[PDB]
Every structure is written in structure tokens, then in C-alpha cells.
Amino acid sequence: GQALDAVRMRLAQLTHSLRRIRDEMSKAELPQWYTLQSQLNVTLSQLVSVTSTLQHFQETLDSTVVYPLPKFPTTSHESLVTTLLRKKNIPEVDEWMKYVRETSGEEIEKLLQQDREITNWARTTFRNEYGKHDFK
Amino acid sequence: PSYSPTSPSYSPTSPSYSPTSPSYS
Amino acid sequence: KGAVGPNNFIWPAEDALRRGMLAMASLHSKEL
Amino acid sequence: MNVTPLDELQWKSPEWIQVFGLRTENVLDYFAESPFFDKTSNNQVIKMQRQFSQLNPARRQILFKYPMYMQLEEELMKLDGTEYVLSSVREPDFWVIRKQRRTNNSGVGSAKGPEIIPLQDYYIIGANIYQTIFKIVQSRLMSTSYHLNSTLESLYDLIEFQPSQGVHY
Amino acid sequence: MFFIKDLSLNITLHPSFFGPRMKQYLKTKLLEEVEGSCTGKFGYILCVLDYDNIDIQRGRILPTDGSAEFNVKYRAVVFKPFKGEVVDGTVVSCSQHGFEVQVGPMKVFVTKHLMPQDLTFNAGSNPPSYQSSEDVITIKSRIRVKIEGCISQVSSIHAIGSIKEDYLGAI
Amino acid sequence: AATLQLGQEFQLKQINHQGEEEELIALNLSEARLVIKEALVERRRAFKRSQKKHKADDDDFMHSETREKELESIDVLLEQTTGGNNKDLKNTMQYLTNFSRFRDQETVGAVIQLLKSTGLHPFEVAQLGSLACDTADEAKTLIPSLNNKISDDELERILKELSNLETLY
């Protein structure tokens with residue numbers, strides 16, 4: 001419950017930041033560019049923290065089993081239950097990665113290791129380039 | 001305390017995307 | 001409400017369309 | 001070959017509810033013909049055994065309420081493995097089963113009874129059947145991020161810069 | 001410790017300021033005299049709220065000199081500690097007898113008898129500091145000090161604290 | 001205030017100028033710094049309005065890129081609002097700026113909500129907002145009032161969440 005509690009508080013503050021950026025964008029007059037950058041960076045790094053913390057506690061979330069309350073009436077709130085129950089993605093993202101995979105399209109494994117060696121080589125090359133010139 | 005609660009952002013108008021297919025017997 | 005009475009609904013019945021010959025007609029659309 | 005996940009899989013059987021109707025007595029009978037009911041479960045074995053013999057908090061409440069549920073234990077305690085048991089019921093529209101597997105560890109040194117371990121979640125709502133929240137949360141967040149990316153790229157397209165003023169619109 | 005309190009002051013306005021703009025002179029006098037002061041009854045005067053909402057009272061000309069005295073009430077944020085308080089602060093100076101920690105606008109001193117012997121004074125280090133097995137305390141190092149006593153004068157309040165028990169030192 | 005001995009001058013119940021009892025208000029470094037900055041910028045705006053009456057740029061002060069730029073804006077604010085006659089205010093503001101745990105208003109609100117959701121004493125809440133403790137026992141020893149009043153699991157959860165909430169500089 002502790003992990004889900006931390007997820008709750010962090011997601012609540014993320015939703016609060018979203019409500020903020022919403023009600024300062026809803027104005028008919030656009031504020032200064034710098035305030036928009038500050039709000040963007042803060043909210044976006046907060047989203048990063050959301051992702052990282054959700055990553056950290058996957059085991060606690062998975063272990064939990066969902067069950068409706070005995071006191072909760074489904075006869076009158078079945079629509080509300082179904083609203084939270086449904087999880088299928090929005091369609092546009094679906095065909096989005098479908099076209100993405102269409103465009104992308106032992107052989108695969110050796111290309112994978114070739115990518116490994118290119119990555120390592122590029123990292124070493126840029127380390128050497130940084131070391132070549134004194135930046136301090 | 002709590003500076004401000006969150007505004008209700010329910011979207012019942014969302015149509016949902018539940019796939020239905022195993023209806024035929 | 002809990003007793004599903006046949007052939008008397010406000011809206012067209014899903015089971016009526018399933019039992020309707022249009023289902024097999026679509027299934028036998030090649031034969032058409 | 002594209003498969004729809006069984007968690008979102010929803011079965012409707014209008015003919016069965018028209019013929020028999022929705023009741024706790026035949027809720028397992030309603031579930032029998034569904035794809036989610038594995039034919040390898042010991043419940044089906046008990047069903048053929050019964051057929052051959054004929055031819056030849058709320059957990060305790062539902063425990064004490066029905067005698068067929070009793071018969072379910074006295075026919076299920078002998079067979080260990082994947083079994084289907086009822087979780088809870090509120091009439092006349094809501095039923096949920098409990099998907100658990102049993103390993104009757106009768107080894108020396110274990111004073112506990114047979115081990116019961118969850119496997120899946122199944123919810124019978126009306127005539128429909130429903131079967132991770134982590135996936136829901138990550139999906140919502142990723143779609144939100146995609147929409148935010150679209151909005152921000154559009155806004156950056158709207159941005160115009162001049163050296164003598166800075167950035168304006 | 002930061003708190004909001006209700007304060008009052010008696011301010012004397014000179015006869016040469018007797019004109020239609022007297023409220024402005026009173027506001028300037030209040031802001032210039034009160035803000036940043038220290039009173040032993042309420043600690044340092046940090047800030048005054050609702051500057052536009054300053055409350056005023058009718059003048060009462062003194063019978064001896066003609067200066068008009070006014071009573072002004074307001075709400076202010078002030079800082080004042082208590083006995084047994086534990087506060088984080090910044091090391092100011094290092095000495096053999098102990099150390100000095102700035103907390104808010106005040107100074108709390110700790111004597112060498114008030115820390116465990118594991119913290120040893122190192123003078124050869126630049127700057128000289130206190131070194132232990134786990135915690136090292138020096139300039140610009142956040143240090144928690146448990147304030148034990150305070151001495152209050154007209155313009156300032158000094159404090160003496162101890163870190164003799166566990167969970168004290170570098171954070 | 002190891003034993004919560006706040007005295008008459010700092011009682012939990014305060015009598016305001018309106019005569020109604022109020023809860024004693026305690027602010028940590030972040031809340032006090034934000035309040036004083038808001039008051040100073042409001043006073044500067046009022047001064048500018050008055051000067052315009054007798055006879056845009058303010059958005060950059062509140063939003064600071066870095067600590068050094070924030071300190072420079074603070075120095076300009078003190079020059080234009082205080083007059084430079086108050087060194088104690090400058091020292092207090094520098095101490096607030098250098099050791100402010102939280103810079104953004106929303107994060108400070110999150111910290112306030114987390115600390116005062118349990119209903120602890122305002123002194124303890126302000127101390128927790130001022131002090132960052134790795135372990136619950138460390139805070140309990142350094143805050144003797146928190147002893148016997150908060151469960152160790154709750155204190156550990158609060159401390160870990162607060163440490164996670166700290167904005168990277």
C-alpha cells in the first residue's frame with residue numbers, strides 16, 4: 001500500500017500541475033514565452049519522475065488484485081465501473097505505431113551486435129574528442 | 001493543510017474502445 | 001424486465017439479427 | 001497472428017440467458033462454454049464423473065448459504081490443481097468467481113492445509129464477462145505524452161524569434 | 001521559528017510633518033523603523049503583512065512637546081526559538097572550544113563538551129573542521145543543532161545548543 | 001520546543017484583531033521565502049503604480065532560471081524595495097535562498113499537503129518541511145515531539161516521498 005500511496009500522491013501533484021498549465025493556457029491572452037517554458041519544463045520533468053517511480057514499484061502494483069467493494073452497488077454504478085475498467089488504447093496511437101512498424105519493417109541478432117559495436121565505438125570516439133581539447 | 005483539491009475531471013463522454021467479438025455461439 | 005420476451009422490444013433485438021437469415025447470407029456472400 | 005488480449009475479452013450468450021436465465025445456480029453452467037473455462041481444469045473432470053455416476057467477509061456467508069457449494073468442496077478437495085470457485089454474489093445482476101489453483105501439500109512438516117494461489121480475475125456483470133492496472137496507467141500516460149508532444153510541436157511552430165525583441169507569437 | 005503574530009507600536013510624528021499627507025509619513029516611519037528589528041518579547045521582526053491594510057488610530061497631541069503619537073496595529077511574521085528546539089543551520093566559524101551555527105538571523109554556539117568525542121578537531125585542513133568516522137562538518141555544511149538556551153538583549157538574541165546525543169552532525 | 005513549550009506569546013490558539021480564535025501559523029524556509037518574495041514584489045508593484053499616478057518586466061523576477069540569477073533578482077528587489085538599510089533581512093533572505101528545499105510553489109503545496117494530511121502539530125509540520133531526514137528514527141530523535149505520536153512506517157513513507165519531491169538543481 002505504501003508504494004501505491006506514493007504513486008497516488010505523485011500522480012495527484014502531476015494532475016494538479018496539468019490543471020495549472022490548463023487554466024493558464026485557457027486564457028484568451030498568451031502569457032510571456034518564459035513562463036510557458038518554465039511550466040513546460042517543470043511539468044515534463046514531473047512526468048519523468050512519475051515514470052521513474054512507476055518503474056520502481058512494479059512488483060507492488062502487480063501483486064495487488066482488483067476487487068469491487070461489497071458495499072459498492074454495481075446495479076446503479078455499472079457505467080462508472082466500466083469507465084474505469086476499460087484499458088484499450090486510443091485508436092490513433094494504435095495505427096500510429098502500426099504505421100511506424102510498417103515503415104521500420106540470426107541476421108537480426110548480428111545487426112543487433114553490429115549496433116552494439118557502433119554504439120561503443122561512437123561513445124569512445126566522442127570521449128577521445130572531448131579529451132583532445134581542454135575544456136577547463 | 002491541503003492548499004486546494006483537484007477539480008473533477010471526469011470524462012463520461014469518452015466512448016471507450018472495448019473490443020467486442022466473441023458473441024457468436 | 002428480467003424476463004426476455006421474444007418478438008416484442010422497443011429496439012431491434014441483437015438476438016433477432018443473429019437469428020435472422022442476413023447472418024448466413026453474409027456468411028454465404030460468396031454463394032451470392 | 002493478431003490475438004485480442006483475454007483481459008479485455010467479453011463474451012455474450014443471449015441464447016443461454018434466454019433459455020435458462022442468470023442465477024447463482026447456473027452461473028458456473030453459464031461459464032462452462034466460455035473460452036476462459038479451461039478444459040484441463042478438475043471441474044470438468046468432476047462434471048464427467050457426475051455424468052457417469054448419474055448414467056450408471058462474504059466468503060463464509062456464501063460458504064454457509066448454499067449446499068451445492070458444499071458439494072463443490074467435497075468433490076474438489078480430492079483433486080488438486082486448477083479449479084474454478086465462486087468469489088462473491090450480489091443479486092440479481094452481480095457475480096464474481098475466484099480463480100485459484102490448489103496444491104494439497106500433504107508433506108510431513110507442514111501443518112497448513114492445501115495451498116491456494118490466485119491466477120486470474122473474472123467479473124460477471126450482467127450477461128458480460130470481464131478479465132493489469134499498471135498497463136492502464138502506462139497507456140494513459142503514454143497517450144497523454146503523445147498529445148502533449150503534438151501540442152508542443154505545434155506551439156513551437158507558432159513561435160517566432162527576432163533578435164531585437166526576443167521570442168514572440 | 002517563523003510565526004504570524006499581531007503587533008502594535010506607538011509612533012511619534014514631528015509637528016513639521018502636519019499636512020494632508022500625514023498617512024504617507026506614518027507608513028514610511030512604520031516601514032523604516034519596524035522592519036528588521038528585534039524584540040525580546042517577540043524575537044526578530046522579519047516581515048509585515050498586508051501593507052495596504054495598515055490600521056491607524058486618532059492622534060493624541062502630547063502636552064509637553066507637540067509631537068503627535070499614534071497607535072498602529074498590524075500582523076507580522078517573526079522568528080523566535082524555544083528551549084529544546086532542534087534547527088538546521090550553516091557553520092560560520094570553527095574554533096577549538098566548539099563551533100558557531102547561523103540559523104535564520106541568529107547564532108547558536110556549541111561548546112566542545114557538547115559533542116561526542118568521535119568528532120575531532122582538524123586544524124591542518126583548509127578550512128579547519130571537525131572530522132569523525134561518518135560525519136564531517138565545515139563551512140557551508142548543513143548541521144543540525146539542538147538549541148538548549150537563549151539570551152535576549154534589546155537588539156539581538158544569542159543561543160547555546162548541544163549535539164551531545166546521537167543523530168546529530170552532518171546530514 | 002522539545003516539549004512543545006511555546007509559551008503565551010506563541011500559543012496554538014491565537015486571538016486576531018477580529019477577536020476570533022485561529023490556529024497558530026508556522027512556515028518553513030520555502031513558505032516564508034515565497035511569502036516574503038510575494039509581499040516584496042507586490043509592494044514594488046504598488047510603488048510603481050503610485051509613481052505612475054503621480055506623474056511585463058515583473059514576470060521575470062518570480063521565475064528564476066538558477067540560484068545565482070534568483071540571488072541577483074533578490075538583490076535588485078532589496079535595492080528597489082528595502083533601501084539597503086536592513087542587513088538582517090538580507091542575511092535571512094540569503095539563508096532562505098541557499099537552503100530552500102523547494103523552489104516551486106506547487107511542490108511546496110505538495111509538501112504542505114503531505115505533512116499536514118496526518119494532522120500533526122504545526123511545529124512538527126514546519127520542522128519536517130525544514131529538515132530532510134533519511135530515516136524515520138533520525139527525525140524522531142531530532143524531533144522529540146514526533147516520538148510516540150507517529151508510526152515509524154508513516155514517518156518513513158513521508159520522508160522518502162519528501163526526498164523524492166526535492167527538485168533537482
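Definitions and limits used
- Residues numbered from 1 in each chain as written, not as in the entry; some residues may be left out.
- Chains lettered and ligands numbered in written order.
- Part of a larger assembly, values for the part shown.
- Heavy atoms only, no water.
- Helix = DSSP H or I, 4+ residues; strand = E, 2+ residues; numbered from the N terminus.
- Polar contact = N/O pair within 3.5 Å; in protein donor to acceptor, adjacent residues only side chain to side chain.
- Contact = heavy atoms within 4.5 Å.
- Buried area = accessible area lost by both parts, 1.4 Å probe.
- Salt bridge = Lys/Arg side-chain N within 4 Å of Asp/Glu carboxyl O.
- Nonpolar A, V, L, I, M, F, W, Y, C, P; charged D, E, K, R; others polar.
- Patch = residues over 30% accessible without salt bridge, like charges linked within 9 Å, V, L, I, M, F, W, Y side chains within 5 Å.
- Areas by Shrake-Rupley, 256 points an atom, 1.4 Å probe, with all protein chains shown as cover.
- Buried < 20%, exposed > 50% of the residue type's maximum accessible area, 1.4 Å probe, protein only.

Regarding how it was determined, this PDB entry cites cryo-EM in its header, along with a resolution of 4.6 Å.

Engineer: Got a sec to walk through the side chain of E:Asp88? Specific residues and values, please.
Structural biologist: Tracing the sequence through the fold places E:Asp88 in strand β6 (residues 86–94). A polar contact is formed between the side chain of E:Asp88 and the backbone nitrogen of E:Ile143, at a distance of 3.3 Å. Leaving out residues up to four positions away in the same chain, E:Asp88 has contacts with E:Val103, E:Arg142, E:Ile143, E:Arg144, F:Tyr95 and F:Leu131.

Engineer: Requested: an account of the interface of chain F and chain E, with residues and values cited.
Structural biologist: Chain F puts 39 residues into the contact, and the matching count from chain E is 40 residues. Summing the contributions of chain F and of chain E, the shared interface buries around 3,800 Å²; its carbon and sulfur component is 59%. The interface formed by chain F and chain E contains one salt bridge. A salt bridge links E:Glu35 to F:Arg43; the nearest nitrogen and oxygen atoms lie 3.2 Å apart. One can count 14 residue pairs in polar contact joining chain F with chain E. Those elements giving two or more residues to the side of chain F that touches chain E turn out to be β1 (13–15), α1 (29–54), α4 (87–98), α6 (122–130) and α7 (136–142) of chain F. Tallying contributions element by element places α4(F) first for the side of chain F that touches chain E, with six residues. Split by residue class, the side of chain F that touches chain E holds 22 nonpolar, 12 polar and five charged.

Engineer: Describe a nonpolar patch on the surface, listing the residues and the values that go with them.
Structural biologist: Where nonpolar side chains cluster on the molecular surface, the patch consists of A:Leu30, A:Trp33, D:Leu158 and D:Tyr169 and spans about 370 Å² of accessible area. Looking at the secondary structure, you find D:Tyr169 in the segment after β6 (166–168). On the basis of relative accessible area, D:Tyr169 is assigned to the partly exposed category, the value being 33%.

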